[PDB]
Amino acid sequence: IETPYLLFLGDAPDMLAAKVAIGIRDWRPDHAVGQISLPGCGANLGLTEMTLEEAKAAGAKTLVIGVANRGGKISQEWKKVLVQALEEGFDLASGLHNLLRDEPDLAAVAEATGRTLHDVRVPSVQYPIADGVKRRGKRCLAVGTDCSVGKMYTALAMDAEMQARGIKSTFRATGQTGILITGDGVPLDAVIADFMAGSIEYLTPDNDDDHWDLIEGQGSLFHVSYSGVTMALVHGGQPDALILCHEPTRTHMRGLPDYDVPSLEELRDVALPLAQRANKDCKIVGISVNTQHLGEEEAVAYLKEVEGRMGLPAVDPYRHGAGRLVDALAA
């Protein structure tokens, strides 16, 4: 995706629909020159409100859909702006369920203007079958006890810290949100079975010996709907370092009311031998817990006993940053 962006907010009624736009603004502010809102928009993202022509003059290359749709249909009100952006010289990028290229007007305008539609939720390049060959560079993967346990935030927090420290690193997106944030990645949840692991090898190629890939995790080895997606990361990713991610108050898996959440111990016992198959030197180096549903001192107490029991640094990166996780990568 050509950077920098104009962030499309559409008619999103508030900030709830604007997770992607917020993610770009917060994590890669240099990738956004401004926002464009339709009448009735209530998402006060806080960037410079620009017309298409103003955003073009400011250097924007891609109109990025930063708000949710519904999973339904791209409205004609939206396409009216999208078409005009194409005619104004913008590429489009969208992580929605409905694909821009399945809109015959968007596809034909894109073809006539020479502009590109980036439907980042589904693959647009052919990935190979993984070869398991050892790749130069270092690779860190977060694995968790459930979906939505902070894997993406943890990888983003570690990368941001490492960048501030002058450590060579790249956040390697594996889903549409992270791809729109960084402008590149692999939409692993939409990759065909046989190419899953190969797509993660493609995502994390040979790099400098002192370079870190911070791979965005997906699924869970303990989630019967997605465990194979996680497996492809664990092996395709060849991780040198695992971060264990966990949220402690939930009593069931995501969307699976009758499935337990495993402990950090069984996550450790199951994940490490699998990871060691692809990289025999892989180590679990730290634990990143979402403690937002605990009280302040409850969180501090929980983290302390986790650290003493697992013998690994355990932090909540939102409460205090990723610095102790980044320190753990140095060994």
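Note that residue numbering follows the sequence shown and begins at 1.
K.L.:
Using only the Cα atoms and their B-factors as the entry lists them, report which of 119-127 and 177-185 averages higher.
P.N.:
Stretch with the greater average CA B-factor: 119-127.
K.L.:
Between 280-288 and 296-304, point out the one with the higher average CA B-factor as the PDB entry records it.
P.N.:
Going by the record's values, the stretch with the higher mean is 296-304.
K.L.:
From 240, 105, 146, 208, pick the one with the largest CA B-factor in the entry?
P.N.:
Going by the entry's C-alpha B-factors, 208 comes out highest.
K.L.:
According to the Cα B-factor stored in this entry, which of the following is highest: 151, 134, 138, 223?
P.N.:
Highest C-alpha B-factor among the listed options: 134.
K.L.:
Splitting the chain's C-alpha B-factors into thirds, which one does residue 10 fall into?
P.N.:
Ranked within chain, residue 10 CA B lands in the middle tercile.
K.L.:
Is residue 255 in the lowest, middle or highest third of its chain when residues are ranked by C-alpha B-factor?
P.N.:
Highest third - that is where residue 255 ends up once the chain's C-alpha B-factors are sorted.
K.L.:
Using the B-factors in the PDB entry, rank residue 91's C-alpha atom against the chain and give the third, lowest, middle or highest.
P.N.:
Lowest third, going by the recorded CA B-factors of the chain.
K.L.:
Could you look up the Cα B-factor of residue 23 in the entry and say which third of the chain it sits in: lowest, middle or highest?
P.N.:
For residue 23, whose C-alpha B-factor we compare with every modelled residue in the chain, the answer is the lowest third.
K.L.:
Comparing against every modelled residue in the chain, figure out the third that the C-alpha B-factor of residue 165 lands in (lowest, middle or highest).
P.N.:
Ranked within chain, residue 165 CA B lands in the middle tercile.
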